[PDB]
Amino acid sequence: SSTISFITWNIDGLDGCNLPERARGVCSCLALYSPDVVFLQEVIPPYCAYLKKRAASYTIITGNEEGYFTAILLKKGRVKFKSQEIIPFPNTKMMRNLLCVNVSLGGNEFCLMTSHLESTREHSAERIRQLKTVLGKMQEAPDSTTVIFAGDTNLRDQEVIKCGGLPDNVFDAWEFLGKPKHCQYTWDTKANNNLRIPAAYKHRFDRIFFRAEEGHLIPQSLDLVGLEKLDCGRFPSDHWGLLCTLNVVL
């Protein structure tokens, strides 16, 4: 159809506690909403094998297969793969990179990108550099393609200003939708207890950027996912996922 949906979610593979139950929890949300595309960050090789069993309707494209890495799942029978590419971050100290996957979906071409930009306050400078590399590659991507970036940016609002703000042709879907409160904070230690942080902190670490011809890609909605606590008393991740549906015109 002329509508596309995706989920972007850091699933926190580096937290070994209750990982099998949490992976099952993630696959529940995927079965519940059945998006066309999933962007995952912090995947580990075991977590990746759990997906090939309980999310078998997706094709997994990965940015590595050692340590922790990102992945882009493509719904079989709805998305067809064309090619992939991994742009390195030459100065990452956390093995971060940029995963790019070109696909066809509903008859239109798409360049799907995800990344897990450098983490923590103390790495603000490298995180800004990596953001520039991502936005640069979004603009350099073929004129004929629609580009969607979804990932764990680890950004603070101050750092996007320090960086020059988003280009005029790259849109933040949450911003486009009017900065709605219900899905602002994707990482919230008051509503989420997985990390056992006593203090309350909230951030909009997880973001969706797109580049399209005027009026060709129109966000319709943004919602948190992974809100249901599991049988073990913990959520699937310390992040909430973002579920986005967009209309494609023409």
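What we label the rigid core is the largest C-alpha set whose atoms superpose within 1.5 Å from one form to the other. Numbering starts at 1 and follows the sequence shown.
Next on the checklist: Aligning on the core, I want to see which stretch wanders more in 7 other deposited structures of this protein. Is it 180 to 188 or 58 to 66 by C-alpha RMS?
Outcome noted: Per-stretch check in 7 other deposited structures of this protein: the more divergent one is 58 to 66.
Next on the checklist: Aligning on the core, I want to see which stretch wanders more in 7 other deposited structures of this protein. Is it 141 to 149 or 127 to 135 by C-alpha RMS?
Outcome noted: Of the two stretches, the larger average C-alpha offset in 7 other deposited structures of this protein falls on 141 to 149.
Item to check | Other entries omitting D36, at least a third | outcome: Result for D36: never missing in the compared entries.
Checklist entry - Relative to the other compared entries, is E213 without coordinates in a third or more of them? => result Residue status for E213: gap in at least one third of the other entries.
Item to check | Mean temperature factor over C-alpha atoms, higher-scoring stretch between 126 to 134 and 162 to 170 | outcome: 162 to 170 has the higher mean C-alpha B-factor.
Next on the checklist: Highest mean C-alpha temperature factor of the two stretches 76 to 84 and 174 to 182, which is it?
Outcome noted: Per the PDB entry, the higher value belongs to 76 to 84.
Checklist entry - In this PDB entry, which of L217, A199, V225, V26 has the top CA B-factor? => result So the option with the highest C-alpha B-factor is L217.
Item to check | Residue with highest C-alpha B-factor in the PDB entry, from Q41, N64, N192, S221 | outcome: If I rank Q41, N64, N192, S221 by C-alpha B-factor, first place goes to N64.
Item to check | Third of the chain, ranked by Cα B-factor, where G16 sits | outcome: Highest third.
Checklist entry - Should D152 be placed in the lowest, middle or highest third of its chain by the C-alpha B factor in the entry? => result Its C-alpha B-factor belongs to the lowest third of this chain's values.
Next on the checklist: Quick check for you: using the entry's CA B-factors within this chain, is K93 in the lowest, middle or highest third?
Outcome noted: Within its chain, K93 is a highest-third residue by C-alpha B-factor, going by the deposited values.
Item to check | Third assignment of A49 from its chain's C-alpha B-factors | outcome: Answer is highest: the recorded C-alpha B-factor places it there.
Next on the checklist: Which third, lowest, middle or highest, does the C-alpha temperature factor of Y58 belong to within its own chain?
Outcome noted: Middle third, going by the recorded CA B-factors of the chain.
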